Amino acid sequence: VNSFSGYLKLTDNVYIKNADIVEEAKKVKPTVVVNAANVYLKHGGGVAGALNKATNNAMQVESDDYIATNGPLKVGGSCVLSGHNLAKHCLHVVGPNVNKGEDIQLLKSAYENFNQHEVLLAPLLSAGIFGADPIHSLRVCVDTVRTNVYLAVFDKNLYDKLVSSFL
Ligand SMILES: O[C@H]1CC[C@@H](Nc2ncnc3[nH]c4cc(F)ccc4c23)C1
């Protein structure tokens, strides 16, 4: 039993809710919240900008030190950093950005990072400003992640479409 509430169950291990991931993180304080990161960990907008804003820019300060030491992430890769006031840990995962021409096949590699964590609160990778089809992203999630994932979908309209079209 865990503290996630109000989710619809899609599969054995995948759950979904219409929620603001920032507010969901603030209430649950999950072990892991996933950020929709880019390779530079520049948290300017989308999920990343909202998560970073909720940390009062502490996420960005920590991220800049990470990049200065380690260099950029790979598309499809991840790193574990602090969850600040939102979670124990933040798993920064880089899905491909269609608006930059990155290969959508890398979306499966991105979701594989979730399998290193038993339970996660996450957004749909490559959705929103990353330009992928969220229905495709949900399918890849279900077919790739084997650990327990709680998906927060900010837009109520998209949430309804994702549920109604789910196979
Ligand atoms: O909107 C759709 C497309 C992308 C996906 N993004 C999110 N998913 C879950 N929680 C989210 N909180 C946010 C706060 C923001 F300022 C911006 C985006 C998000 C956001 C859902």
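Just so you know, all these numbers are worked out from the coordinates, no wet-lab data involved. Quick reminder, even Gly has a Cβ in these numbers, built from the backbone with ideal geometry, and neighbours come from all protein chains shown.
Listing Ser63, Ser82, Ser164 from the residue with the fewest other Cβ atoms within 10 Å to the one with the most, what is the order? It would help to have the intermediate numbers written out before the result.
Values: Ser63 24, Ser82 15, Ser164 7.
Ordered by Cβ neighbours within 10 Å, fewest first: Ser164, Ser82, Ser63.
About the Cα centre of the chain, what is the dipole size in debye to 20, counting +1 per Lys and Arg Cβ and -1 per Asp and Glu Cβ, all else neutral?
Numbers: 15 positive and 15 negative charges, 47 e Å.
I would put it at about 220 debye.
Determine the distance separating the Cα centre of region 116-151 from the Cα centre of region 24-41; give it in Å without decimals.
So the two Cα centres are separated by 13 Å.
How far, in nm, would the chain grow between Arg146 and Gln116 when pulled straight, counting 0.36 nm per residue and subtracting the alpha carbon separation?
Details: separation 30, 0.36 × 30 = 10.80 nm, distance 0.96 nm.
Stretched fully, the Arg146-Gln116 segment lengthens by 9.8 nm.
Nearest 500 deg cm²/dmol is fine: what mean residue ellipticity at 222 nm does the chain get from its DSSP H runs of n ≥ 4 alone, each adding -39,500 (n - 2.57), divided by its residue count? Could the numbers behind the result be given before it?
Details: 6 runs with 57 residues, N = 167.
Value at 222 nm, helices only, nearest 500: -10000 deg cm²/dmol.
What is the pair-distance distribution P(r) of region 78-167, computed from all Cα-Cα distances in 10 Å bins starting at 0, with each bin given as a whole percent?
For region 78-167, the pair-distance distribution reads 16, 49, 32, 3.
Restricting to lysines 8 or more places apart or on different chains, can you count the pairs in region 1-52 with Cα atoms under 21 Å from each other?
On the way: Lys9/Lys17; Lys9/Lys27; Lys9/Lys29; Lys17/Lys26; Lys17/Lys27; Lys17/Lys29.
Going through region 1-52 pair by pair, I get 6.
How much of the DSSP bridge set in the chain is antiparallel, in percent, rounded to the nearest 5? Display every interim value, and only then the final one.
On the way: 7 of 22 bridges.
Of all bridge pairs located within the chain, approximately 30 percent are antiparallel.
Return a whole-number percent for the relative contact order of region 14-104, with Cα pairs under 8 Å and 6 or more residues apart as the contact set.
Working: 132 pairs, mean separation 32.4, N = 91.
Relative contact order, region 14-104: 36 percent.
Can you tell me the Rg and Dmax of the chain, counting just the alpha carbons, in angstroms?
Cα only, the chain: 14.5, 45 Å (Rg, Dmax).
Which residue, chosen from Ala68, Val140, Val94, occupies the Cα position most advanced towards the positive end of the dipole of the chain, where the dipole is computed from +1 (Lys, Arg) and -1 (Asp, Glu) charges on Cβ about the Cα centre?
Value: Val140.
Going by C-beta contacts inside 10 Å, put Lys9, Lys88 in order with the fewest on the left.
Numbers: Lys9 9, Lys88 13.
So the ranking, lowest neighbour count to highest, is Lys9, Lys88.
Give me the extension gain from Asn57 to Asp133: residue separation times 0.36 nm, minus the current Cα-Cα distance, reported in nm with one decimal.
Working: separation 76, 0.36 × 76 = 27.36 nm, distance 2.92 nm.
That pair, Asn57 and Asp133, stretches by 24.4 nm at full extension.
Report D for region 53-110 in µm² per second (integer): Stokes-Einstein, Kirkwood Rh on Cα pairs, 10 °C, 1.306 mPa s. Could the numbers behind the result be given before it?
Values: Rh = 12.5 Å.
Rounded, D is 127 µm²/s.
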